[PDB]
Each structure stands twice: as C-alpha cells, then as structure tokens.
Amino acid sequence: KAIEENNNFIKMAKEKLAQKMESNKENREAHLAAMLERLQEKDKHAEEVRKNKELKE
Amino acid sequence: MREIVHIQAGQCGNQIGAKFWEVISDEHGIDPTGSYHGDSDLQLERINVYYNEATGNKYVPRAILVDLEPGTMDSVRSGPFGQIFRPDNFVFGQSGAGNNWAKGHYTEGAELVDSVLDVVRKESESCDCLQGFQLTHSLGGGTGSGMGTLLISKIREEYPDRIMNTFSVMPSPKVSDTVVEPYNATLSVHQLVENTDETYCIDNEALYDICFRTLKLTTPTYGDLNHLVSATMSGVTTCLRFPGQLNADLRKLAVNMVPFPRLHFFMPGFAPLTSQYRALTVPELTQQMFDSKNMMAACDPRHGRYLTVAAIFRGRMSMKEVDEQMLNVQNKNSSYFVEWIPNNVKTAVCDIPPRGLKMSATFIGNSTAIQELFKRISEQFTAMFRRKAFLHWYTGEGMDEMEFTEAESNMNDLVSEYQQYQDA
Ligand SMILES: Nc1nc2c(ncn2[C@@H]2O[C@H](COP(=O)(O)OP(=O)(O)O)[C@@H](O)[C@H]2O)c(=O)[nH]1
Ligand SMILES: CC(C)(C)c1[nH]cnc1/C=c1\[nH]c(=O)/c(=C/c2ccccc2)[nH]c1=O
Ligand SMILES: [Ca+2]
Ligand SMILES: [Mg+2]
C-alpha cells in the first residue's frame, strides 16, 4: 500500500503536469495565431485600398 | 535451560543495553577486551547464561546489537566496553526510522529484520539449552519500538516455546524527543500484550523524578536515567547469574509471577537509589524498595493491588531479618496484596553485592496499579488521535487509521482487565 500510493502520487503528478503543459501550448499558439490573423487581415485591407486607387483612375 | 540471548534495538535499547554489559561484566570480572580477571569461582559458575566462551579463554556476550542507523551503534563500539561484543552481531541499516513505528515495523525495519534473525539463529544454534530471550528498547521511538516488536513477533514464530522478556522504556512528556511517542508506545503495547512473557516497564517519568526529587540532580541526562536502569537490570538478572541454591529458569519465574497471560507488565524498583558510606539496614531496604518514590514506573502501588511480588536482596545479611521484614510489610499492609493468591510475596538473597554498595534490594512487582501508566499513554494518544494529528507520517508508510483504533481499543481493554482484579 505504501508503494502503491507513492506510485499513484508520481503517476498523477506526471499526468497533471503533461496535461497543463499541453493545454498551455494550445492556448499560447491560439493566442499568437489570432494576433497574426488580425495582422494578415490588415494586409488584405491594404490590398483593397491600393486597388481602389487604381480602379478609380 | 541455561543460555539467554540478549538483543538491543534502537538508540535507547543500545544505550541501556550497553550499560547492562558494563555492569554485569564488572560483576563477573570480565575486562574491556573479554579476559577474566576475577577471584571467586562464583563469578564463572553461571557465566554461560550471558557469555559464550571463545579461543584463548575470552568471554563474548550473547548480545545482538540492532539499529536502523549507524550513529548509536558506532558510539557503543567506541565506548568503554565496546570491544567485547562480537563484530558479526552489529546488524544495522542506514536511513534510520525518524521516530516512526511504521518505519520500524513495516518498511525500513522489514528490509533489515531477516539479517538480524540470522544472527539470533547463529547464537541460538550453539546453545546447549536456550532458556529464552531478553530485549532492551524504548516504545517511543521508531527502531526499538517498531522493529523491536517486529523482531519479538518473528522470534515467537521461530521459537514459540522459548521465553520472551523485555526491558521496555516508556515515554513521558517530561523526557520527550517527539510528540508522536504516545502513538509509537500504544502500537508497541498491543504487541507486548500478545508476544512477551514479561515486560519491565521502565518509565522515563519515574527515572526523571528519582533523579530530580530523591537524588537532587537539577539537570538529569540520559546517562543519569540509564544508571538507574542498569542497576535494576543487574538486580532482576542476579538470581540467574549466580546461585545460591535457587533452582529457577525464566519459565519457572514466569510461571510464579504471571497469573494471567496479558497481565505481565511489572513495576521495577531499586534500593538504595544512587548517583554510599553508610550501608542500609535490612528494615531500610525493605521500606525503600516497597516505597513509591523508588518505583521505576510512575504508578502509586496504593492505587492498585499486588498480584505477585518478587524481591531479591544482595549482600551479606541475616536471612532471618529479611524474612522478618518481608513478613512485617505484608502483615501490616495486607489490603494491598490480593487475598486470592496465597503467599504471593517471595524473596531470595544473593551473597555477592553489586559494585559500590554493601547491600541492596531489587523489587519486581506485578501490581494492578500499572493501569495508571497505560491510562496516561491512552490519554496522550486520544488527545492527538481525536483530531488525527500527525497521522500523515504513519499513513504515508502504508498504515490505516483502523490499526490505530484497534491498538487504542486493545490498551483500554488491558486497563479494563487490570481494573477487574483490583476490585475482586
Ligand atoms: N531511559 C532512556 N530513554 C531514552 C534514551 N534514549 C531515548 N530514550 C527515550 O526513547 C524514546 C525515543 O526513542 P529512541 O530509542 O531514541 O528511538 P529509536 O532509536 O528509533 O528506537 C523517547 O521517549 C526517549 O525519551 C536513553 O538513553 N535512556
Ligand atoms: C524467589 C525469587 C525472588 C527468585 C523470585 N520468585 C519469582 N520471581 C523471582 C525473582 C525473579 N523473577 C523474574 O521473573 C525475573 C525475570 C527475569 C530474569 C532475568 C532476565 C529477565 C527477566 N527475575 C527475578 O529475579
Ligand atoms: Ca530501502
Ligand atoms: Mg532518539
């Protein structure tokens, strides 16, 4: 029982840690993915502005 | 039945145990290297009881030294009589037991126990007729308490017909190393109730009070407490270590001292208490050894009743005066000895006195007043256990709360049983 419970604690610490570190990498990547997608939406808007100058001449 | 196998377990066990061999080796005329330099043949007549004979006429103690850390057993080997012990009988682990009964009994001590039993088997094998085992330990620590009671249980499996006696030091807040002592002691007491024929209840409360009150030592060390323990241990082992026309082994003594199997916890006592020039008269020894102040277990014998008494006097004195004085206290305090065991106070005299004293007396009492000791440890236990305090140290080593509940119940049953015969 002393071994079982010491292993249980090592087990669940390892699983809790891996679940957090993965969940964090999902979040931080989804945060940076949104930030770049807003910046790429500006490049698409600046392509419409530069077309509406040429298509008004 | 002649040979006794001695085992000492833990810091306390090895400390009082080392003093035992310091005292009795002087009494048998054995020097620090093991050679005999006595004068009387009485010093060698029953030397086989505690010593094996080696090549070159050396005397080696039949002693096994156990601990779960090296510390104290390194001190024993460096100490004054350390060289006399057989080197193979120093059996020790490394990590210790952190004052934890669970570590001693179930985890750390389990890893070491079988190698200790091999040394016991080694000593038991080359014994013409083994009469039994004796163990020194505390019940408050981890090693002596947890591993000591594990060893006792294993020894009973392998040697079910041999006598198992203990010299068991009880914990007290007055002389306290950790708060969990009541836990360790309660777990040990339940083991001793099942697996020992006798347990000498040395209470550290009583040893302190004797050092403080009736010896005027302001700051008593463990050496001062152990001085009282070694004197008593010499006294209780006298009648086996010498004659004088006393035809008795551990079983015969146990048969006459223990009327009920579970009630084998004795009240040791010594007279005179030392730390002298005027030797005591036979009346003084008799009054002092029966006196509550001289009791090594902090119980008032007036609060209980004596089931049996044994008293062994040492020195050159009139046996007539001894018989007169022992009959004087019985016949003038007859309410405190149970009427339903006739002639329950027995006496022996040994001619050889101990070192330093001209005459002395050692008192062994199977009183029902010992319930006070177990009640005191039961209260300290419950105070913590009602709030499950400090239990994480024991549950982390795989123990269940149920085992504590059982042990609590078993010790309170022991107290109930002592109460039954006090009123009967
Ligand atoms: N009389 C006496 N009691 C001791 C001595 N050393 C420790 N104790 C007591 O024993 C308990 C501690 O147990 P200890 O033997 O140190 O632990 P162990 O080495 O794990 O068995 C405490 O209640 C102490 O009061 C000693 O030399 N003499
Ligand atoms: C007649 C007399 C005094 C010898 C007696 N009658 C019943 N008991 C004893 C003494 C003893 N009784 C014991 O049980 C006893 C126990 C003992 C001896 C050696 C080692 C450990 C315990 N030591 C004793 O001296
Ligand atoms: Ca280990
Ligand atoms: Mg200690």
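Its PDB header names X-ray crystallography as the technique used to obtain the model and reports a resolution of 2.81 Å.

## Quick word on the site of ligand 2
Residues and elements named next belong to chain B. Taken together, the neighbourhood of ligand 2 is formed by 19 residues, with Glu198, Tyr200, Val236, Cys239 and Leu253 sitting nearest. Take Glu198: an N or O atom from its side chain is 2.7 Å from an oxygen atom of ligand 2. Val236 has a polar backbone atom sitting 2.8 Å from a nitrogen atom of ligand 2. In isolation ligand 2 exposes 550 Å². Once the protein is present, 93% of that is buried. When contributions to the shell around ligand 2 are tallied by element, the ones reaching two or more residues are strand 7 (163-170), strand 8 (198-203), helix 8 (222-241), helix 9 (250-257), strand 10 (306-315) and strand 11 (345-350). The residue makeup of the shell around ligand 2, split by class, is 14 nonpolar, 4 polar and 1 charged. In terms of domain composition, the shell around ligand 2 takes at least three residues from each of domain 1 (1-259) and domain 2 (260-369).

## Topic: the packing of helix 6 (residues 181-195) of chain B against helix 12 (residues 371-385) of chain B
All names here are of chain B. The N-to-C vectors of helix 6 and helix 12 enclose an angle of 125°; their axes lie 9 Å apart at closest approach. By the angle class used here, helix 6 and helix 12 are oblique. Viewed along their axes, helix 6 and helix 12 form a crossing whose handedness is left-handed. In this structure, helix 6 uses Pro182, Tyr183, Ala185, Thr186 and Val189 to contact helix 12, whose residues at the interface are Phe374, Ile377, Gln380, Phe381, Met384 and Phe385. Partitioned by chemical class, the residues of the contact of helix 6 with helix 12 number 9 nonpolar, 2 polar and no charged.

## Some words on the UniProt feature "binding site: GDP" (unreviewed entry) in chain B
Residue and element names in this part refer to chain B. In this structure's numbering, the residues bearing the UniProt feature "binding site: GDP" (unreviewed entry) are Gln11, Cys12, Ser138, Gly142, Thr143, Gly144, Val175, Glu181, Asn204, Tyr222 and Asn226. When you line up the elements, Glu181 lands in helix 6. For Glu181, a relative accessible area of 7% puts it in the buried group. Tracing the sequence through the fold places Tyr222 in helix 8. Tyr222 sits in the partly exposed class, given a relative accessible area of 39%. Of the polar contacts made by the side chain of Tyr222, one reaches the side chain of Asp177; its length is 2.7 Å.

## Overview of the UniProt feature "binding site: Mg(2+)" (unreviewed entry) in chain B
All names here are of chain B. UniProt tags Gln11 and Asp177 as "binding site: Mg(2+)" (unreviewed entry). These annotated residues cover 167 residues of sequence, but their C-alpha atoms sit close together, with the largest distance between any two at 11.8 Å. Topologically, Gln11 is positioned in helix 1 (residues 10-27). Setting aside residues no more than four positions away along its own chain, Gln11 makes contact with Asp67 and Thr72. Mapped onto the fold, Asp177 is located in the loop between strand 7 and helix 6.

## Focus on the pairing of strand 4 (residues 63-67) of chain B
In summary, the side chains of a regular strand alternate between the two faces of the sheet. Residues and elements named next belong to chain B. The buried count for strand 4 comes to 5 of 5 residues, which makes it a mostly enclosed element. Alternating residues of strand 4 divide into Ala63, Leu65 and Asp67 and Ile64 and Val66, and every residue in both groups is buried. Bridge count between strand 1 (residues 3-9) and strand 4: 4 bridges; the pairing is parallel. Bridged to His6 within strand 4 is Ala63. Pairing geometry for strand 4 and strand 5 (residues 90-92), over 3 bridges, is parallel. If you follow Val66 over to strand 5, its bridge partner there is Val91. Following the chain from strand 4 across helix 3 (residues 71-78) to the adjacent parallel strand 5, one finds a crossover that is right-handed.

## Section: the environment of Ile24 of chain B
Residues and elements named next belong to chain B. Within the secondary structure, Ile24 is located in helix 1. Look at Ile24 and you get buried, because its relative accessible area is 0%. Residues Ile24 and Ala231, spaced 207 residues apart in sequence, show a C-alpha to C-alpha distance of 9.5 Å.

## Focus: the site of ligand 1
All names here are of chain B. Contacts to ligand 1 come from 18 residues, most closely from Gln11, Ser138, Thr143, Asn204 and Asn226. Between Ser138 and ligand 1, the recorded distance is 2.8 Å, taken from a side-chain N or O atom to an oxygen atom. At 3.2 Å from an oxygen atom of ligand 1 is found a side-chain nitrogen or oxygen belonging to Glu181. Look at ligand 1: alone it shows 570 Å² of surface, and the protein chains cover 96% of it. Residue assignment for the shell around ligand 1 shows that the elements contributing at least two residues are helix 1, helix 5 (143-158), helix 7 (204-212) and helix 8. The leading source of residues in the shell around ligand 1 is helix 1, at 4 residues.

## Some words on the packing of helix 1 of chain B against helix 3 of chain B
Residues and elements named next belong to chain B. Running from N to C, helix 1 and helix 3 point in directions that differ by 15°, and their axes come no closer than 9 Å. Overall, the two elements helix 1 and helix 3 adopt an arrangement that is roughly parallel. Helix 1 and helix 3 meet at a crossing whose hand is right-handed. Residue-level inspection shows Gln11, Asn14, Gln15 and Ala18 of helix 1 in contact with helix 3, the latter providing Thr72, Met73 and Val76. Broken down by class, the residue content of the contact of helix 1 with helix 3 amounts to 3 nonpolar, 4 polar and no charged.

## Details of the pattern of salt bridges
Residue and element names in this part refer to chain B. The tally for this structure, following the rule as stated, stands at 23 salt bridges over all chains. Across the salt bridge formed by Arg2 and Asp128, the nearest N and O atoms sit 2.7 Å from each other. Highlighted residues: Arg2 in the segment before strand 1 and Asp128 in the loop between helix 4 (101-125) and strand 6 (130-138), separated in sequence by 126 residues. We note a salt bridge from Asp203 to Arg376, for which the minimum N-O separation is 2.9 Å.

What counts, and where the lines are drawn
Residues numbered from 1 in each chain as written, not as in the entry; some residues may be left out. Chains lettered and ligands numbered in written order. Part of a larger assembly, values for the part shown. Heavy atoms only, no water. Residues with missing side-chain atoms left out of burial classes, pairs and counts. Near = heavy atom within 4 Å. Polar contact = N/O pair within 3.5 Å; in protein donor to acceptor, adjacent residues only side chain to side chain. Areas by Shrake-Rupley, 256 points an atom, 1.4 Å probe, with all protein chains shown as cover. Helix = DSSP H or I, 4+ residues; strand = E, 2+ residues; numbered from the N terminus. Nonpolar A, V, L, I, M, F, W, Y, C, P; charged D, E, K, R; others polar. Domains from an automatic or database assignment. Axes fitted to C-alpha atoms, helices over the stretch in contact; angles between N-to-C directions. Parallel < 35°, antiparallel > 145°, perpendicular 65-115°, else oblique. Left-handed = near helix turned anticlockwise from the far one by under 90°. Contact = heavy atoms within 4.5 Å. UniProt positions renumbered as here; feature names shortened; annotations may be inferred. Buried < 20%, exposed > 50% of the residue type's maximum accessible area, 1.4 Å probe, protein only. Pairing = 2+ DSSP bridges. Right-handed = clockwise from strand over helix to strand, strands pointing away. Salt bridge = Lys/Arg side-chain N within 4 Å of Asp/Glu carboxyl O.

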